[PDB]
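Chains as they are written, first to last, in full-length UniProt numbering: chain L, 151 to 201; chain Z, 655 to 704.
Below you can see the structure in the form of structure tokens.
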């Protein structure tokens, strides 16, 4: 029995979008939030631009 | 009359032939249906690797 998974190479195209909110105090700077998101790369951008 | 070599006379066998052969030295190879590796790879994800 083939317990081994079917393995194949794939390519993940995505854009790490990090929006950081920063508060600037008098003598210091502090992160008040870091929204990290992963956006898909459109087909028109994978074919025309990346490839 | 004359002398005769033994092989010149047919010999009848008074012995019962009991043929016993030893069991061949047999070597057992390491055989595993799935190795500890194959089994670890069988997992669709490994948390460690991920």
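Even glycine gets a Cβ: it sits at the ideal position worked out from N, Cα and C.
Between the Cα of residue i and the Cα atoms of the options, which residue gives the shortest distance?
{"i": "residue 155 of chain L", "options": "Z:695, Z:701 and Z:703", "result": "Z:695"}
{"i": "residue 174 of chain L", "options": "L:183, L:167, L:166 and L:168", "result": "L:183"}
Residue i to residue j, Cα distance in whole Å?
{"i": "residue 656 of chain Z", "j": "residue 681 of chain Z", "result": "59 Å"}
{"i": "residue 186 of chain L", "j": "residue 161 of chain L", "result": "21 Å"}
{"i": "residue 690 of chain Z", "j": "residue 704 of chain Z", "result": "19 Å"}
{"i": "residue 167 of chain L", "j": "residue 693 of chain Z", "result": "37 Å"}
{"i": "residue 669 of chain Z", "j": "residue 683 of chain Z", "result": "42 Å"}
{"i": "residue 192 of chain L", "j": "residue 200 of chain L", "result": "10 Å"}
Measuring CB to CB, does residue i end up less than 8 Å from residue j?
{"i": "residue 163 of chain L", "j": "residue 196 of chain L", "result": "yes"}
{"i": "residue 172 of chain L", "j": "residue 179 of chain L", "result": "yes"}
{"i": "residue 688 of chain Z", "j": "residue 153 of chain L", "result": "yes"}
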